[PDB]
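Here's the structure we're looking at; comments come further down.
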Amino acid sequence: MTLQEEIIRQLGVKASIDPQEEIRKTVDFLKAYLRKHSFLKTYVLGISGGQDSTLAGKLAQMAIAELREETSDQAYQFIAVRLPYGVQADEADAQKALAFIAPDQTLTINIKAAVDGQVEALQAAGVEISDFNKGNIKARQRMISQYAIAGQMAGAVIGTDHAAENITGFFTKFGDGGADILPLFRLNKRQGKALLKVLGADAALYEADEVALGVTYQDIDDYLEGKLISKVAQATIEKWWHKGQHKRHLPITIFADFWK
Amino acid sequence: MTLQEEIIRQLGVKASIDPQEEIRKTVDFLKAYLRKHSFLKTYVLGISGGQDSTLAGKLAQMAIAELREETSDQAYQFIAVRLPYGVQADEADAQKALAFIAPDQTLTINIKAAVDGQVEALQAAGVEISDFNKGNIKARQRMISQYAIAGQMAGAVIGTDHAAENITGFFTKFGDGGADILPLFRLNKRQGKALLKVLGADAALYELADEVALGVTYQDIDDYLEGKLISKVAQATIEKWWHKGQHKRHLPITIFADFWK
Ligand SMILES: [Mg+2]
Ligand SMILES: [Mg+2]
């Protein structure tokens, strides 16, 4: 068994998908999860204007709407959350995402006072905080904001993690990685695009990451589909895989092996 | 196989321990982890004055000190963190804990401006926040503060989770639950006490609202984790918390997961 095969098995990626089926599978998964947890009424999701949160958000809103029609229980709601740090660069992709989703409720929680208070408290203790580090603070503050809403509104927090991020460990641990349920887990990036095409999403919702990673989504996706890619791209992917193992396992106990 | 045996297997709890041995096992575990991750130099831990953080903190400091003696590498440090929300009620248990640990470095990060800013932003959006909820916000903000320190000081974050909390799910998910490495995992509550006895800890550091909150005593939790028979009411209570806390004890739920069904 190659490393590639073993990664493909862990992440559950199919070489190709039926989009419509995958839509249905996800919606039913999201409904089943709610039906089993009878005290839960809401799904909560940060909406960034990016492909992942747009798709997940849409799938969640559909699950709620159907479940509400099925049960006649109006307390079922999807809560979209906007989480800008200060005055957000372009709210335009977000606006389109929200329009497409048509969410039951939208809340805007500005994380800037919280993030700034955190950084000030660090700095006052003599801890300088880099841009990267601040970035992780923001992602983790968004986790807090979403869990706070969920604690008040009988909610489960939706995570946007999917196979193309997971293989690369391209998320903040206990940040955007911090969530209850992962509707998009098993899908690679292009597979996400396909689902959005089938849902009729504005083409602008799915057209730096790759430069940060040193590898393209084309390559990541192809690797996840069991295809052969260049050696340099393979080594890059495999670097990220090994590096991100701790993000992909539970906290390390004395009985753990994977890190040894 | 009873549920109890299966819980005991998952959490790795021994009916009894040799404290000195368990001490050594933990320290060596903490050293090995650092040796393997050559870019890491520090362990980082919130110090609350409670038994769990006191013990974990001490075990981590001993790992660092030894490893520093072994390697002659001075960059190895234990970073204790104080994480009060405002002017803390009694910093006294904390003081004793820090005195016992004798940490290389101690940082005080007041979380109040961050927590307050977070609740303000929530409240301004019309989300009322109960005391419980705020409590979880604080535990998560501590997670943030510790990960920020670790990102700056080439650190791993120590978690204080242990078997008596784990079985009950008695932690905030992605809060105090949020950590890199769990030195105390496998130990029940009284086993923690024993290690601290052997380390010479002031008896005040380990001798509850917790038990009232849970509806069950640590005596009972511990005994259940040691494979002993307890009352039916305590058993049913423990087993309630077990099933309820399963989501805190697994990875985020994917479409392939089973444990919740
Ligand atoms: Mg994304
Ligand atoms: Mg504790």
Side-chain angles (χ1 to χ4, degrees), chain A residues 23-46 56-81 101 103-105 107 143 145-160 178-185, chain B residues 3 6-7 10 126-127 129-133 135-137 166-175 177 213-216 232-261:
Chain A
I23 285 162
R24 289 314 318 164
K25 277 160 85 195
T26 311
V27 176
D28 296 342
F29 169 45
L30 292 175
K31 291 192 295 170
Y33 174 86
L34 291 162
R35 287 194 229 262
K36 174 78 185 191
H37 302 91
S38 60
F39 286 100
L40 295 177
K41 296 304 169 151
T42 66
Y43 281 129
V44 179
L45 178 55
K58 179 65 163 184
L59 293 164
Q61 180 61 87
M62 287 163 78
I64 290 291
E66 286 179 26
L67 193 53
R68 179 163 67 223
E69 192 182 349
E70 285 165 28
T71 57
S72 314
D73 185 346
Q74 296 304 327
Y76 289 116
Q77 301 281 296
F78 176 61
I79 320 303
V81 195
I101 293 168
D104 298 320
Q105 281 172 70
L107 293 182
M143 184 273 295
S145 300
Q146 291 170 84
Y147 271 90
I149 290 159
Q152 181 57 31
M153 295 185 100
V157 179
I158 298 190
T160 63
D180 301 319
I181 179 156
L182 304 186
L184 314 184
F185 186 97
Chain B
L3 184 56
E6 170 60 16
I7 287 167
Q10 286 188 32
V127 184
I129 289 163
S130 69
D131 286 342
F132 180 76
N133 189 319
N136 289 318
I137 291 167
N166 198 282
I167 193 180
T168 52
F170 194 58
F171 56 97
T172 301
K173 184 190 213 190
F174 309 132
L214 289 169
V216 59
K232 288 176 166 151
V233 72
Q235 189 185 314
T237 303
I238 286 169
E239 296 180 0
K240 183 193 76 196
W241 294 121
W242 169 261
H243 298 301
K244 190 189 175 78
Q246 207 66 297
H247 76 87
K248 298 178 166 181
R249 210 173 285 131
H250 282 75
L251 293 164
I253 292 170
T254 74
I255 200 169
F256 313 100
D258 258 2
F259 77 84
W260 66 271
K261 290 177 187 152

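Reckoned from all heavy atoms, side chains included, excluding hydrogens, waters and symmetry mates. Letters go in sequence order (proteins before strands), and every chain restarts at 1.
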Non-neighbouring partners of [X] that pass side-chain contact (heavy atoms from CB on, under 4.5 Å), sequence neighbours left out:
X        : result
B:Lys244 : B:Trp241
B:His243 : B:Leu3
A:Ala60  : A:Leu30, A:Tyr43, A:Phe78, A:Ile158
A:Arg68  : A:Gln61, A:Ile64, A:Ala65, A:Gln74, A:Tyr76, A:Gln77, A:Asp104

Rounded at 0.5 Å granularity, tell me how far [atom1] in [X] sits from [atom2] in [Y].
X        : Y        : atom1 : atom2 : value
A:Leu184 : A:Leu59  : CG    : CG    : 6.5 Å
B:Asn136 : B:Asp131 : CG    : CG    : 11.5 Å
A:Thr71  : A:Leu34  : OG1   : CG    : 9.5 Å
A:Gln105 : A:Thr42  : CD    : OG1   : 8.5 Å
A:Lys25  : A:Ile23  : NZ    : CD1   : 12.0 Å
A:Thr26  : A:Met62  : OG1   : CE    : 9.5 Å

(request) Tell me, with the steps shown, if B:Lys173 and A:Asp180 meet side chain to side chain contact (heavy atoms under 4.5 Å, CB included). (result) CA-CA 10 Å; B:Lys173 184 190 213 190; A:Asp180 301 319; 2.6 Å; yes

Taking the side chain as every heavy atom from C-beta outward, state whether [X] and [Y] have any atom pair closer than 4.5 Å.
X        : Y        : result
A:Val27  : A:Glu66  : yes
B:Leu251 : A:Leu182 : no
B:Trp242 : B:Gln10  : yes

(request) Could you tell me which residues satisfy side-chain hydrogen bond (donor to acceptor under 3.5 Å, both in side chains) with B:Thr168, sequence neighbours excluded, listed by chain and number? (result)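 B:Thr168: no side-chain hydrogen bond (donor to acceptor under 3.5 Å, both in side chains) contacts found.
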
(request) Mind checking side-chain hydrogen bond (donor to acceptor under 3.5 Å, both in side chains) for B:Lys240 and listing every partner two or more places apart, or none if nothing turns up? (result) none

(request) For side chain to side chain contact (heavy atoms under 4.5 Å, CB included), just list the numbers for B:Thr237 and B:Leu214, CA-CA rounded to whole Å, side-chain angles, deciding distance to a tenth of an Å, and then say yes or no. (result) CA-CA 8 Å; B:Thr237 303; B:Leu214 289 169; 5.7 Å; no

Least distance between heavy atoms, [X] atom then [Y] atom:
X        : Y        : result
A:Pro183 : A:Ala56  : CG-CB, 4.2 Å
A:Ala150 : A:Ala156 : CB-N, 4.5 Å
A:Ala148 : B:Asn133 : O-ND2, 2.8 Å

(request) Report the residues that fulfil salt bridge (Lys or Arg N to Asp or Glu O under 4.0 Å) with A:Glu70, sequence neighbours left out, ordered by chain and then residue number. (result) A:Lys31, A:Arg35

(request) Start with the C-alpha distance between A:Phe185 and B:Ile253, add both sets of side-chain angles, then the distance that settles side chain to side chain contact (heavy atoms under 4.5 Å, CB included), and finish with yes or no. (result) CA-CA 9 Å; A:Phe185 186 97; B:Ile253 292 170; over 6 Å; no

(request) Can you run down the salt bridge (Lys or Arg N to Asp or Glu O under 4.0 Å) pairs that involve residues 71-81 of chain A, sequence neighbours left out, and say none if there aren't any? (result) A:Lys41-A:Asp73

(message) Tell me which pairs pass salt bridge (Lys or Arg N to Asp or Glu O under 4.0 Å) where either residue lies in residues 248-261 of chain B, with sequence neighbours left out.
(response)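 Residue pairs passing salt bridge (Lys or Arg N to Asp or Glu O under 4.0 Å), neighbours aside: B:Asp258-B:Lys261.
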
Check ring pair (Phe, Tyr, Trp, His ring centres under 6.0 Å) between [X] and all other residues, then give those that pass, not counting sequence neighbours.
X        : result
B:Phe174 : A:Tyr147, A:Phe174
A:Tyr33  : A:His37, B:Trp260
B:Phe256 : none

(message) Please check this pair: side chain of A:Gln146 against backbone of A:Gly46, looking for a donor-acceptor N/O pair closer than 3.5 Å.
(response) yes

